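*Asks:* Sending over run09.pdb (PDB, C-alpha atoms).
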ATOM      1  CA  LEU A   1       0.000   0.000   0.000  1.00  0.00           C
ATOM      2  CA  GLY A   2       1.659   3.173  -1.216  1.00  0.00           C
ATOM      3  CA  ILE A   3       0.125   6.628  -1.657  1.00  0.00           C
ATOM      4  CA  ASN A   4      -3.654   6.529  -1.043  1.00  0.00           C
ATOM      5  CA  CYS A   5      -6.585   8.723   0.004  1.00  0.00           C
ATOM      6  CA  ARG A   6      -7.811   6.566   2.909  1.00  0.00           C
ATOM      7  CA  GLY A   7      -8.955   8.366   6.013  1.00  0.00           C
ATOM      8  CA  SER A   8     -11.758   8.682   8.486  1.00  0.00           C
ATOM      9  CA  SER A   9     -15.368   8.865   7.218  1.00  0.00           C
ATOM     10  CA  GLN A  10     -15.324  12.479   8.537  1.00  0.00           C
ATOM     11  CA  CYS A  11     -12.916  13.232   5.657  1.00  0.00           C
ATOM     12  CA  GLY A  12     -16.021  12.956   3.501  1.00  0.00           C
ATOM     13  CA  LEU A  13     -16.531  16.631   2.835  1.00  0.00           C
ATOM     14  CA  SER A  14     -17.640  17.957  -0.527  1.00  0.00           C
ATOM     15  CA  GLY A  15     -16.424  21.376  -1.597  1.00  0.00           C
ATOM     16  CA  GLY A  16     -13.273  22.873  -0.145  1.00  0.00           C
ATOM     17  CA  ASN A  17      -9.963  21.290  -1.051  1.00  0.00           C
ATOM     18  CA  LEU A  18      -8.432  21.094   2.396  1.00  0.00           C
ATOM     19  CA  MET A  19      -5.427  19.088   1.213  1.00  0.00           C
ATOM     20  CA  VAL A  20      -4.334  22.152  -0.807  1.00  0.00           C
ATOM     21  CA  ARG A  21      -4.537  24.378   2.273  1.00  0.00           C
ATOM     22  CA  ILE A  22      -2.540  21.899   4.343  1.00  0.00           C
ATOM     23  CA  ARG A  23       0.041  21.626   1.548  1.00  0.00           C
ATOM     24  CA  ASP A  24       0.365  25.421   1.382  1.00  0.00           C
ATOM     25  CA  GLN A  25       1.090  25.595   5.138  1.00  0.00           C
ATOM     26  CA  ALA A  26       3.835  23.004   4.879  1.00  0.00           C
ATOM     27  CA  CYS A  27       5.376  24.456   1.710  1.00  0.00           C
ATOM     28  CA  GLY A  28       5.250  27.977   3.127  1.00  0.00           C
ATOM     29  CA  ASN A  29       7.439  26.983   6.073  1.00  0.00           C
ATOM     30  CA  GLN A  30       9.958  24.405   4.927  1.00  0.00           C
ATOM     31  CA  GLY A  31      12.401  25.187   7.748  1.00  0.00           C
ATOM     32  CA  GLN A  32      10.675  23.087  10.387  1.00  0.00           C
ATOM     33  CA  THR A  33      11.486  19.432  11.143  1.00  0.00           C
ATOM     34  CA  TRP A  34       8.611  16.993  11.208  1.00  0.00           C
ATOM     35  CA  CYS A  35       8.959  14.343  13.907  1.00  0.00           C
ATOM     36  CA  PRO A  36       6.472  11.492  14.656  1.00  0.00           C
ATOM     37  CA  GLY A  37       3.050  12.608  15.845  1.00  0.00           C
ATOM     38  CA  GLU A  38       3.598  16.344  15.437  1.00  0.00           C
ATOM     39  CA  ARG A  39       0.581  17.902  13.700  1.00  0.00           C
ATOM     40  CA  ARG A  40       2.572  20.648  12.010  1.00  0.00           C
ATOM     41  CA  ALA A  41      -0.075  21.549   9.396  1.00  0.00           C
ATOM     42  CA  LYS A  42      -3.839  21.474   9.918  1.00  0.00           C
ATOM     43  CA  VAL A  43      -7.232  23.028   9.174  1.00  0.00           C
ATOM     44  CA  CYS A  44      -9.513  23.366  12.169  1.00  0.00           C
ATOM     45  CA  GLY A  45     -13.226  23.085  12.487  1.00  0.00           C
ATOM     46  CA  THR A  46     -15.063  23.498  15.768  1.00  0.00           C
ATOM     47  CA  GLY A  47     -13.344  21.168  18.213  1.00  0.00           C
ATOM     48  CA  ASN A  48     -11.662  19.095  15.496  1.00  0.00           C
ATOM     49  CA  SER A  49      -9.357  19.305  12.494  1.00  0.00           C
ATOM     50  CA  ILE A  50      -7.863  17.659   9.441  1.00  0.00           C
ATOM     51  CA  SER A  51      -4.180  17.369  10.497  1.00  0.00           C
ATOM     52  CA  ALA A  52      -0.956  16.289   8.794  1.00  0.00           C
ATOM     53  CA  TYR A  53       1.615  14.283  10.762  1.00  0.00           C
ATOM     54  CA  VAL A  54       4.355  11.719  10.390  1.00  0.00           C
ATOM     55  CA  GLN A  55       3.625   8.183  11.688  1.00  0.00           C
ATOM     56  CA  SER A  56       4.683   4.519  11.471  1.00  0.00           C
ATOM     57  CA  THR A  57       8.316   5.460  12.140  1.00  0.00           C
ATOM     58  CA  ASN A  58      10.622   6.923  14.762  1.00  0.00           C
ATOM     59  CA  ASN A  59      12.363   9.015  12.098  1.00  0.00           C
ATOM     60  CA  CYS A  60      11.893  12.717  11.369  1.00  0.00           C
ATOM     61  CA  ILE A  61      11.712  14.456   7.977  1.00  0.00           C
ATOM     62  CA  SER A  62      12.664  17.926   6.748  1.00  0.00           C
ATOM     63  CA  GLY A  63      10.060  20.613   6.036  1.00  0.00           C
ATOM     64  CA  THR A  64      11.136  20.344   2.396  1.00  0.00           C
ATOM     65  CA  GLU A  65      10.267  16.652   2.396  1.00  0.00           C
ATOM     66  CA  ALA A  66       6.924  17.253   4.104  1.00  0.00           C
ATOM     67  CA  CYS A  67       6.095  19.831   1.414  1.00  0.00           C
ATOM     68  CA  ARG A  68       6.938  17.283  -1.308  1.00  0.00           C
ATOM     69  CA  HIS A  69       4.762  14.513   0.238  1.00  0.00           C
ATOM     70  CA  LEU A  70       1.786  16.880   0.616  1.00  0.00           C
ATOM     71  CA  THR A  71       2.245  17.984  -3.024  1.00  0.00           C
ATOM     72  CA  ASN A  72       2.200  14.274  -3.945  1.00  0.00           C
ATOM     73  CA  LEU A  73      -1.177  13.915  -2.138  1.00  0.00           C
ATOM     74  CA  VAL A  74      -2.697  16.892  -3.925  1.00  0.00           C
ATOM     75  CA  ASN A  75      -1.439  15.530  -7.282  1.00  0.00           C
ATOM     76  CA  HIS A  76      -2.849  12.082  -6.547  1.00  0.00           C
ATOM     77  CA  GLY A  77      -6.353  13.518  -6.187  1.00  0.00           C
ATOM     78  CA  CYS A  78      -6.770  13.328  -2.413  1.00  0.00           C
ATOM     79  CA  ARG A  79      -8.920  16.329  -1.624  1.00  0.00           C
ATOM     80  CA  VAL A  80      -9.091  16.052   2.167  1.00  0.00           C
ATOM     81  CA  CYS A  81      -7.306  12.989   3.590  1.00  0.00           C
ATOM     82  CA  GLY A  82      -4.640  10.504   2.557  1.00  0.00           C
ATOM     83  CA  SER A  83      -1.123   9.232   3.257  1.00  0.00           C
ATOM     84  CA  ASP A  84       2.165   9.147   1.348  1.00  0.00           C
ATOM     85  CA  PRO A  85       4.923   6.645   2.237  1.00  0.00           C
ATOM     86  CA  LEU A  86       8.114   8.366   3.376  1.00  0.00           C
ATOM     87  CA  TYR A  87      10.400   5.936   1.587  1.00  0.00           C
ATOM     88  CA  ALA A  88      10.105   5.500  -2.168  1.00  0.00           C
ATOM     89  CA  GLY A  89       8.805   2.085  -3.171  1.00  0.00           C
ATOM     90  CA  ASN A  90       7.971   1.216   0.436  1.00  0.00           C
ATOM     91  CA  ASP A  91       4.592   0.349   1.976  1.00  0.00           C
ATOM     92  CA  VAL A  92       3.099   3.055   4.250  1.00  0.00           C
ATOM     93  CA  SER A  93       3.522   0.825   7.336  1.00  0.00           C
ATOM     94  CA  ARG A  94       7.272   1.511   7.129  1.00  0.00           C
ATOM     95  CA  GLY A  95       6.752   5.248   7.583  1.00  0.00           C
ATOM     96  CA  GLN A  96       4.198   7.678   6.158  1.00  0.00           C
ATOM     97  CA  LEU A  97       3.027  11.267   6.218  1.00  0.00           C
ATOM     98  CA  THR A  98      -0.690  11.097   6.868  1.00  0.00           C
ATOM     99  CA  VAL A  99      -3.421  13.696   6.706  1.00  0.00           C
ATOM    100  CA  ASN A 100      -6.502  12.590   8.643  1.00  0.00           C
ATOM    101  CA  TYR A 101      -9.328  13.731  10.870  1.00  0.00           C
ATOM    102  CA  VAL A 102      -8.379  14.409  14.559  1.00  0.00           C
ATOM    103  CA  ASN A 103     -10.853  14.976  17.447  1.00  0.00           C
ATOM    104  CA  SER A 104      -9.214  18.260  18.422  1.00  0.00           C
ATOM    105  CA  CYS A 105      -7.650  21.384  16.944  1.00  0.00           C
TER     106      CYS A 105
ATOM    107  CA  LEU B   1       0.479   6.346 -13.070  1.00  0.00           C
ATOM    108  CA  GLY B   2      -1.499   3.595 -11.377  1.00  0.00           C
ATOM    109  CA  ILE B   3      -4.646   3.709  -9.247  1.00  0.00           C
ATOM    110  CA  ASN B   4      -5.527   7.293  -8.339  1.00  0.00           C
ATOM    111  CA  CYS B   5      -8.372   9.606  -7.326  1.00  0.00           C
ATOM    112  CA  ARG B   6      -7.759  12.263  -9.981  1.00  0.00           C
ATOM    113  CA  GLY B   7     -10.813  13.852 -11.526  1.00  0.00           C
ATOM    114  CA  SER B   8     -12.559  17.050 -12.485  1.00  0.00           C
ATOM    115  CA  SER B   9     -12.874  19.736  -9.788  1.00  0.00           C
ATOM    116  CA  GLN B  10     -16.655  19.052 -10.020  1.00  0.00           C
ATOM    117  CA  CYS B  11     -16.003  15.679  -8.320  1.00  0.00           C
ATOM    118  CA  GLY B  12     -15.173  17.486  -5.103  1.00  0.00           C
ATOM    119  CA  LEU B  13     -18.395  19.474  -5.136  1.00  0.00           C
ATOM    120  CA  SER B  14     -20.597  16.383  -5.294  1.00  0.00           C
ATOM    121  CA  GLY B  15     -21.855  15.081  -1.972  1.00  0.00           C
ATOM    122  CA  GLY B  16     -21.961  11.575  -0.606  1.00  0.00           C
ATOM    123  CA  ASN B  17     -19.939   8.491  -1.317  1.00  0.00           C
ATOM    124  CA  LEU B  18     -20.795   8.318  -4.946  1.00  0.00           C
ATOM    125  CA  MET B  19     -17.945   5.859  -5.619  1.00  0.00           C
ATOM    126  CA  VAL B  20     -19.672   3.284  -3.342  1.00  0.00           C
ATOM    127  CA  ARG B  21     -23.013   3.745  -5.125  1.00  0.00           C
ATOM    128  CA  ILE B  22     -21.369   3.311  -8.531  1.00  0.00           C
ATOM    129  CA  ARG B  23     -19.503   0.245  -7.289  1.00  0.00           C
ATOM    130  CA  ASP B  24     -22.833  -1.161  -5.995  1.00  0.00           C
ATOM    131  CA  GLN B  25     -24.428  -0.743  -9.409  1.00  0.00           C
ATOM    132  CA  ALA B  26     -21.584  -2.548 -11.195  1.00  0.00           C
ATOM    133  CA  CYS B  27     -21.340  -5.358  -8.637  1.00  0.00           C
ATOM    134  CA  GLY B  28     -25.088  -5.902  -8.694  1.00  0.00           C
ATOM    135  CA  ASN B  29     -25.041  -6.495 -12.459  1.00  0.00           C
ATOM    136  CA  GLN B  30     -21.891  -8.427 -13.268  1.00  0.00           C
ATOM    137  CA  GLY B  31     -23.384  -9.956 -16.358  1.00  0.00           C
ATOM    138  CA  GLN B  32     -22.896  -6.908 -18.593  1.00  0.00           C
ATOM    139  CA  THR B  33     -19.691  -6.368 -20.556  1.00  0.00           C
ATOM    140  CA  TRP B  34     -18.025  -2.941 -20.441  1.00  0.00           C
ATOM    141  CA  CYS B  35     -16.652  -1.646 -23.735  1.00  0.00           C
ATOM    142  CA  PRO B  36     -14.644   1.618 -24.164  1.00  0.00           C
ATOM    143  CA  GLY B  37     -16.735   4.710 -23.571  1.00  0.00           C
ATOM    144  CA  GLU B  38     -19.855   2.980 -22.273  1.00  0.00           C
ATOM    145  CA  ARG B  39     -21.058   4.665 -19.070  1.00  0.00           C
ATOM    146  CA  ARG B  40     -22.448   1.507 -17.500  1.00  0.00           C
ATOM    147  CA  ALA B  41     -22.731   2.809 -13.913  1.00  0.00           C
ATOM    148  CA  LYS B  42     -23.495   6.408 -12.920  1.00  0.00           C
ATOM    149  CA  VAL B  43     -25.236   8.743 -10.474  1.00  0.00           C
ATOM    150  CA  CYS B  44     -26.920  11.676 -12.232  1.00  0.00           C
ATOM    151  CA  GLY B  45     -27.604  15.184 -11.045  1.00  0.00           C
ATOM    152  CA  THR B  46     -29.532  17.736 -13.101  1.00  0.00           C
ATOM    153  CA  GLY B  47     -27.954  17.796 -16.537  1.00  0.00           C
ATOM    154  CA  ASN B  48     -24.784  15.979 -15.482  1.00  0.00           C
ATOM    155  CA  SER B  49     -23.385  12.879 -13.781  1.00  0.00           C
ATOM    156  CA  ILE B  50     -20.491  11.036 -12.152  1.00  0.00           C
ATOM    157  CA  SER B  51     -20.045   8.107 -14.576  1.00  0.00           C
ATOM    158  CA  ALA B  52     -17.784   5.052 -14.809  1.00  0.00           C
ATOM    159  CA  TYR B  53     -16.371   3.942 -18.168  1.00  0.00           C
ATOM    160  CA  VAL B  54     -13.463   2.073 -19.687  1.00  0.00           C
ATOM    161  CA  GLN B  55     -10.910   4.182 -21.577  1.00  0.00           C
ATOM    162  CA  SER B  56      -7.331   4.065 -22.936  1.00  0.00           C
ATOM    163  CA  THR B  57      -7.740   0.675 -24.581  1.00  0.00           C
ATOM    164  CA  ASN B  58      -9.634  -1.094 -27.379  1.00  0.00           C
ATOM    165  CA  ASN B  59     -10.628  -3.994 -25.152  1.00  0.00           C
ATOM    166  CA  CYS B  60     -13.867  -4.577 -23.325  1.00  0.00           C
ATOM    167  CA  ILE B  61     -13.979  -6.089 -19.833  1.00  0.00           C
ATOM    168  CA  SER B  62     -16.486  -8.335 -18.026  1.00  0.00           C
ATOM    169  CA  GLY B  63     -18.883  -6.935 -15.450  1.00  0.00           C
ATOM    170  CA  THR B  64     -17.101  -9.005 -12.829  1.00  0.00           C
ATOM    171  CA  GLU B  65     -13.876  -7.154 -13.644  1.00  0.00           C
ATOM    172  CA  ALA B  66     -15.591  -3.747 -13.592  1.00  0.00           C
ATOM    173  CA  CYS B  67     -16.895  -4.649 -10.098  1.00  0.00           C
ATOM    174  CA  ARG B  68     -13.371  -5.527  -8.971  1.00  0.00           C
ATOM    175  CA  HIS B  69     -11.856  -2.273 -10.258  1.00  0.00           C
ATOM    176  CA  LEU B  70     -14.598  -0.144  -8.691  1.00  0.00           C
ATOM    177  CA  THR B  71     -14.048  -1.952  -5.379  1.00  0.00           C
ATOM    178  CA  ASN B  72     -10.328  -1.141  -5.703  1.00  0.00           C
ATOM    179  CA  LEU B  73     -11.244   2.541  -6.026  1.00  0.00           C
ATOM    180  CA  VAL B  74     -13.506   2.415  -2.961  1.00  0.00           C
ATOM    181  CA  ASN B  75     -10.742   0.718  -0.947  1.00  0.00           C
ATOM    182  CA  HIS B  76      -8.203   3.290  -2.153  1.00  0.00           C
ATOM    183  CA  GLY B  77     -10.181   6.058  -0.519  1.00  0.00           C
ATOM    184  CA  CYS B  78     -11.609   7.714  -3.653  1.00  0.00           C
ATOM    185  CA  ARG B  79     -14.954   9.166  -2.569  1.00  0.00           C
ATOM    186  CA  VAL B  80     -16.273  10.362  -5.957  1.00  0.00           C
ATOM    187  CA  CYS B  81     -13.799  10.046  -8.854  1.00  0.00           C
ATOM    188  CA  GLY B  82     -10.625   8.169  -9.694  1.00  0.00           C
ATOM    189  CA  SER B  83      -9.223   5.564 -12.061  1.00  0.00           C
ATOM    190  CA  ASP B  84      -7.850   2.043 -11.783  1.00  0.00           C
ATOM    191  CA  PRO B  85      -5.541   0.495 -14.383  1.00  0.00           C
ATOM    192  CA  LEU B  86      -7.091  -2.606 -15.982  1.00  0.00           C
ATOM    193  CA  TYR B  87      -3.917  -4.584 -16.448  1.00  0.00           C
ATOM    194  CA  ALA B  88      -1.431  -5.889 -13.921  1.00  0.00           C
ATOM    195  CA  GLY B  89       1.556  -3.733 -13.044  1.00  0.00           C
ATOM    196  CA  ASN B  90       0.512  -1.282 -15.722  1.00  0.00           C
ATOM    197  CA  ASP B  91       0.117   2.433 -16.203  1.00  0.00           C
ATOM    198  CA  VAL B  92      -3.470   3.622 -16.613  1.00  0.00           C
ATOM    199  CA  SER B  93      -2.081   4.527 -20.069  1.00  0.00           C
ATOM    200  CA  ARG B  94      -2.645   0.935 -21.178  1.00  0.00           C
ATOM    201  CA  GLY B  95      -6.285   0.831 -20.135  1.00  0.00           C
ATOM    202  CA  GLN B  96      -8.202   2.062 -17.117  1.00  0.00           C
ATOM    203  CA  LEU B  97     -11.666   2.114 -15.610  1.00  0.00           C
ATOM    204  CA  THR B  98     -12.365   5.771 -14.909  1.00  0.00           C
ATOM    205  CA  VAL B  99     -15.036   7.398 -12.814  1.00  0.00           C
ATOM    206  CA  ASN B 100     -15.311  11.109 -13.582  1.00  0.00           C
ATOM    207  CA  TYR B 101     -17.732  13.986 -13.943  1.00  0.00           C
ATOM    208  CA  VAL B 102     -19.566  14.120 -17.317  1.00  0.00           C
ATOM    209  CA  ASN B 103     -21.724  17.018 -18.556  1.00  0.00           C
ATOM    210  CA  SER B 104     -24.684  14.789 -19.327  1.00  0.00           C
ATOM    211  CA  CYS B 105     -26.752  12.047 -17.725  1.00  0.00           C
TER     212      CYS B 105
END
Please re-express this file's structure in structure tokens.
*Replies:*
Amino acid sequence: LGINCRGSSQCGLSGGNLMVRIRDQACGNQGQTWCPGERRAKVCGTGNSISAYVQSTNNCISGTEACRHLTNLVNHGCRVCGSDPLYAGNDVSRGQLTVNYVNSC
Amino acid sequence: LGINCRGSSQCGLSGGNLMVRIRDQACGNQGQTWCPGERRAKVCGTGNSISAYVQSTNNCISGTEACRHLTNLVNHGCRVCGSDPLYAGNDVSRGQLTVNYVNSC
């Protein structure tokens, strides 16, 4: 399982392309380091959000890399949620940047 | 380019899990064969639709195969539009089942 648009049923939103907004946040600040679990880019609703974060690994990635993975998600057609494997050719369980619904902002 | 959720911007405006409904139509009628360009499963709006059809090849596929490809799209996380290559380890360039917005029902 490589790049995909899987996510929580809450990701089912018609209209706004939230992935684009999340990508723009990441690409606008490429200086930060993205470590596991850190929701460094997100779009908040009331008491919730669609957040981007690294998971399935103990490794960290550069802000430049995060920008690239989010651009990959937009180009793949994921409008709200999805995940991109961190390592080329590898399954997402070996490390992935995921954008998904979170029960807080 | 393999399985993906790319589609017209209109896809994102549509509400509901249209991909599931389209899959349901195809899987409920596996007897029909799908030839290039035939919009065999679709959910119409007023003057338009989200339709599924084979493209990028001269071949026709069985309804059982169309059901399989549409299930692949549902499992990939594509809520409304996307495409699945028909042939193993191939680029959608050699044949794909596409679900996309069409300006007619």
*Asks:* With all Cα atoms paired residue by residue, do a least-squares superposition of chain A on chain B and hand back the transformed coordinates as a PDB file with C-alpha atoms, in the coordinates of the input.
*Replies:*
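As written to disk, superposed14.pdb reads:
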ATOM      1  CA  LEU A   1       0.508   6.259 -12.718  1.00  0.00           C
ATOM      2  CA  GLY A   2      -1.614   3.465 -11.306  1.00  0.00           C
ATOM      3  CA  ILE A   3      -4.812   3.724  -9.260  1.00  0.00           C
ATOM      4  CA  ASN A   4      -5.575   7.372  -8.379  1.00  0.00           C
ATOM      5  CA  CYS A   5      -8.445   9.709  -7.485  1.00  0.00           C
ATOM      6  CA  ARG A   6      -7.839  12.312 -10.215  1.00  0.00           C
ATOM      7  CA  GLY A   7     -10.878  13.746 -11.916  1.00  0.00           C
ATOM      8  CA  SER A   8     -12.593  16.935 -12.897  1.00  0.00           C
ATOM      9  CA  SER A   9     -12.840  19.791 -10.356  1.00  0.00           C
ATOM     10  CA  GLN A  10     -16.622  19.087 -10.394  1.00  0.00           C
ATOM     11  CA  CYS A  11     -15.777  15.826  -8.575  1.00  0.00           C
ATOM     12  CA  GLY A  12     -15.177  18.093  -5.598  1.00  0.00           C
ATOM     13  CA  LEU A  13     -18.321  17.289  -3.679  1.00  0.00           C
ATOM     14  CA  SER A  14     -18.371  16.918   0.083  1.00  0.00           C
ATOM     15  CA  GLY A  15     -20.845  14.499   1.614  1.00  0.00           C
ATOM     16  CA  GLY A  16     -22.263  11.625  -0.388  1.00  0.00           C
ATOM     17  CA  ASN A  17     -19.940   8.807  -1.360  1.00  0.00           C
ATOM     18  CA  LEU A  18     -20.877   8.491  -5.005  1.00  0.00           C
ATOM     19  CA  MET A  19     -18.110   5.992  -5.750  1.00  0.00           C
ATOM     20  CA  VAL A  20     -19.908   3.507  -3.457  1.00  0.00           C
ATOM     21  CA  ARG A  21     -23.170   3.954  -5.365  1.00  0.00           C
ATOM     22  CA  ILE A  22     -21.423   3.472  -8.701  1.00  0.00           C
ATOM     23  CA  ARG A  23     -19.656   0.377  -7.343  1.00  0.00           C
ATOM     24  CA  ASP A  24     -22.970  -1.073  -6.140  1.00  0.00           C
ATOM     25  CA  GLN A  25     -24.494  -0.672  -9.630  1.00  0.00           C
ATOM     26  CA  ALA A  26     -21.605  -2.491 -11.262  1.00  0.00           C
ATOM     27  CA  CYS A  27     -21.418  -5.253  -8.643  1.00  0.00           C
ATOM     28  CA  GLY A  28     -25.183  -5.746  -8.730  1.00  0.00           C
ATOM     29  CA  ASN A  29     -25.094  -6.576 -12.440  1.00  0.00           C
ATOM     30  CA  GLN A  30     -21.903  -8.456 -13.210  1.00  0.00           C
ATOM     31  CA  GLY A  31     -23.331 -10.072 -16.354  1.00  0.00           C
ATOM     32  CA  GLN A  32     -22.752  -7.109 -18.644  1.00  0.00           C
ATOM     33  CA  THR A  33     -19.614  -6.558 -20.750  1.00  0.00           C
ATOM     34  CA  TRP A  34     -17.898  -3.213 -20.467  1.00  0.00           C
ATOM     35  CA  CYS A  35     -16.510  -1.959 -23.773  1.00  0.00           C
ATOM     36  CA  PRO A  36     -14.629   1.356 -24.362  1.00  0.00           C
ATOM     37  CA  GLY A  37     -16.660   4.495 -23.739  1.00  0.00           C
ATOM     38  CA  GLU A  38     -19.790   2.787 -22.430  1.00  0.00           C
ATOM     39  CA  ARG A  39     -21.000   4.564 -19.280  1.00  0.00           C
ATOM     40  CA  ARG A  40     -22.494   1.453 -17.716  1.00  0.00           C
ATOM     41  CA  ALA A  41     -22.704   2.826 -14.149  1.00  0.00           C
ATOM     42  CA  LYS A  42     -23.450   6.426 -13.186  1.00  0.00           C
ATOM     43  CA  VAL A  43     -25.109   8.840 -10.757  1.00  0.00           C
ATOM     44  CA  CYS A  44     -26.966  11.702 -12.384  1.00  0.00           C
ATOM     45  CA  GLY A  45     -27.436  15.256 -11.328  1.00  0.00           C
ATOM     46  CA  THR A  46     -29.402  17.777 -13.350  1.00  0.00           C
ATOM     47  CA  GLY A  47     -27.983  17.615 -16.861  1.00  0.00           C
ATOM     48  CA  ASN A  48     -24.763  15.886 -15.787  1.00  0.00           C
ATOM     49  CA  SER A  49     -23.396  12.840 -13.992  1.00  0.00           C
ATOM     50  CA  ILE A  50     -20.460  11.058 -12.420  1.00  0.00           C
ATOM     51  CA  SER A  51     -20.021   8.104 -14.838  1.00  0.00           C
ATOM     52  CA  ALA A  52     -17.851   4.982 -14.927  1.00  0.00           C
ATOM     53  CA  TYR A  53     -16.399   3.810 -18.247  1.00  0.00           C
ATOM     54  CA  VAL A  54     -13.491   1.954 -19.770  1.00  0.00           C
ATOM     55  CA  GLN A  55     -10.924   4.033 -21.722  1.00  0.00           C
ATOM     56  CA  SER A  56      -7.353   4.074 -23.079  1.00  0.00           C
ATOM     57  CA  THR A  57      -7.882   0.692 -24.758  1.00  0.00           C
ATOM     58  CA  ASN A  58      -9.869  -1.057 -27.465  1.00  0.00           C
ATOM     59  CA  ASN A  59     -10.428  -4.038 -25.162  1.00  0.00           C
ATOM     60  CA  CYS A  60     -13.564  -4.905 -23.195  1.00  0.00           C
ATOM     61  CA  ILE A  61     -13.827  -6.250 -19.633  1.00  0.00           C
ATOM     62  CA  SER A  62     -16.326  -8.491 -17.847  1.00  0.00           C
ATOM     63  CA  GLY A  63     -18.895  -7.115 -15.395  1.00  0.00           C
ATOM     64  CA  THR A  64     -17.041  -9.092 -12.724  1.00  0.00           C
ATOM     65  CA  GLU A  65     -13.842  -7.226 -13.542  1.00  0.00           C
ATOM     66  CA  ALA A  66     -15.599  -3.855 -13.561  1.00  0.00           C
ATOM     67  CA  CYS A  67     -17.003  -4.647 -10.101  1.00  0.00           C
ATOM     68  CA  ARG A  68     -13.487  -5.476  -8.850  1.00  0.00           C
ATOM     69  CA  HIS A  69     -11.943  -2.232 -10.225  1.00  0.00           C
ATOM     70  CA  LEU A  70     -14.714  -0.103  -8.678  1.00  0.00           C
ATOM     71  CA  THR A  71     -14.201  -1.919  -5.344  1.00  0.00           C
ATOM     72  CA  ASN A  72     -10.489  -1.069  -5.681  1.00  0.00           C
ATOM     73  CA  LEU A  73     -11.423   2.642  -6.073  1.00  0.00           C
ATOM     74  CA  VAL A  74     -13.655   2.629  -3.010  1.00  0.00           C
ATOM     75  CA  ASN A  75     -10.894   0.889  -0.995  1.00  0.00           C
ATOM     76  CA  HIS A  76      -8.293   3.394  -2.169  1.00  0.00           C
ATOM     77  CA  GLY A  77     -10.300   6.269  -0.695  1.00  0.00           C
ATOM     78  CA  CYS A  78     -11.686   7.820  -3.877  1.00  0.00           C
ATOM     79  CA  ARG A  79     -15.058   9.135  -2.806  1.00  0.00           C
ATOM     80  CA  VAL A  80     -16.332  10.492  -6.124  1.00  0.00           C
ATOM     81  CA  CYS A  81     -13.836  10.182  -8.999  1.00  0.00           C
ATOM     82  CA  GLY A  82     -10.750   8.175  -9.895  1.00  0.00           C
ATOM     83  CA  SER A  83      -9.309   5.553 -12.245  1.00  0.00           C
ATOM     84  CA  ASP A  84      -7.948   2.022 -11.869  1.00  0.00           C
ATOM     85  CA  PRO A  85      -5.591   0.505 -14.477  1.00  0.00           C
ATOM     86  CA  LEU A  86      -7.082  -2.563 -16.152  1.00  0.00           C
ATOM     87  CA  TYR A  87      -3.809  -4.463 -16.228  1.00  0.00           C
ATOM     88  CA  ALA A  88      -1.979  -5.178 -12.984  1.00  0.00           C
ATOM     89  CA  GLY A  89       1.296  -3.297 -12.678  1.00  0.00           C
ATOM     90  CA  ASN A  90       0.522  -1.218 -15.768  1.00  0.00           C
ATOM     91  CA  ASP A  91       0.153   2.564 -16.085  1.00  0.00           C
ATOM     92  CA  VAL A  92      -3.433   3.806 -16.648  1.00  0.00           C
ATOM     93  CA  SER A  93      -2.567   4.984 -20.189  1.00  0.00           C
ATOM     94  CA  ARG A  94      -2.500   1.311 -21.230  1.00  0.00           C
ATOM     95  CA  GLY A  95      -6.143   0.829 -20.262  1.00  0.00           C
ATOM     96  CA  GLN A  96      -8.190   2.023 -17.288  1.00  0.00           C
ATOM     97  CA  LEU A  97     -11.649   2.060 -15.774  1.00  0.00           C
ATOM     98  CA  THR A  98     -12.352   5.684 -14.971  1.00  0.00           C
ATOM     99  CA  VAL A  99     -15.079   7.363 -12.975  1.00  0.00           C
ATOM    100  CA  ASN A 100     -15.341  11.061 -13.826  1.00  0.00           C
ATOM    101  CA  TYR A 101     -17.708  13.958 -14.327  1.00  0.00           C
ATOM    102  CA  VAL A 102     -19.625  13.988 -17.687  1.00  0.00           C
ATOM    103  CA  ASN A 103     -21.678  16.927 -19.076  1.00  0.00           C
ATOM    104  CA  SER A 104     -24.769  14.767 -19.528  1.00  0.00           C
ATOM    105  CA  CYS A 105     -26.758  11.997 -17.868  1.00  0.00           C
TER     106      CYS A 105
END
*Asks:* Could you list, with a cut-off of 8 Å and counting all atoms listed in the file, the residues of range 15-37 of chain B near range 42-60 of chain B, each shown with its nearest atom pair and the distance in Å rounded to one decimal, rows sorted by chain and ascending number, as a Markdown table?
*Replies:*
| residue | atom | partner | partner_atom | distance |
| --- | --- | --- | --- | --- |
| B:18 | CA | B:43 | CA | 7.1 |
| B:21 | CA | B:43 | CA | 7.7 |
| B:22 | CA | B:42 | CA | 5.8 |
| B:33 | CA | B:60 | CA | 6.7 |
| B:34 | CA | B:60 | CA | 5.3 |
| B:35 | CA | B:60 | CA | 4.1 |
| B:36 | CA | B:54 | CA | 4.7 |
| B:37 | CA | B:53 | CA | 5.5 |
*Asks:* Counting all atoms listed in the file, which of B:41, B:88, B:97, B:81 gets nearest to residue 8 in chain B?
*Replies:*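 That would be B:81, the residue with the smallest distance to residue 8 in chain B.
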*Asks:* What are the residues of chain A lining chain B at 8 Å or less? Count only C-alpha atoms, and put the answer as a list in words.
*Replies:*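 So the residues of chain A near chain B are residues 4, 5, 6, 7, 12, 13, 14, 15, 16, 17, 75, 76, 77, 78, 79 and 82 of chain A.
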*Asks:* Record the distance separating CA of residue 84 in chain B and CA of residue 72 in chain B, expressed in Å with one decimal.
*Replies:*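 Atom-to-atom, CA of residue 84 in chain B and CA of residue 72 in chain B are spaced 7.3 Å apart.
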*Asks:* Taking all atoms of range 40-52 of chain B that appear in the file, build a box with edges along x, y and z, extend it by 5 Å on every side, and state its centre and edge lengths in Å to one decimal, as JSON.
*Replies:*
{"center_x": -23.7, "center_y": 9.7, "center_z": -14.0, "size_x": 21.7, "size_y": 26.3, "size_z": 17.0}
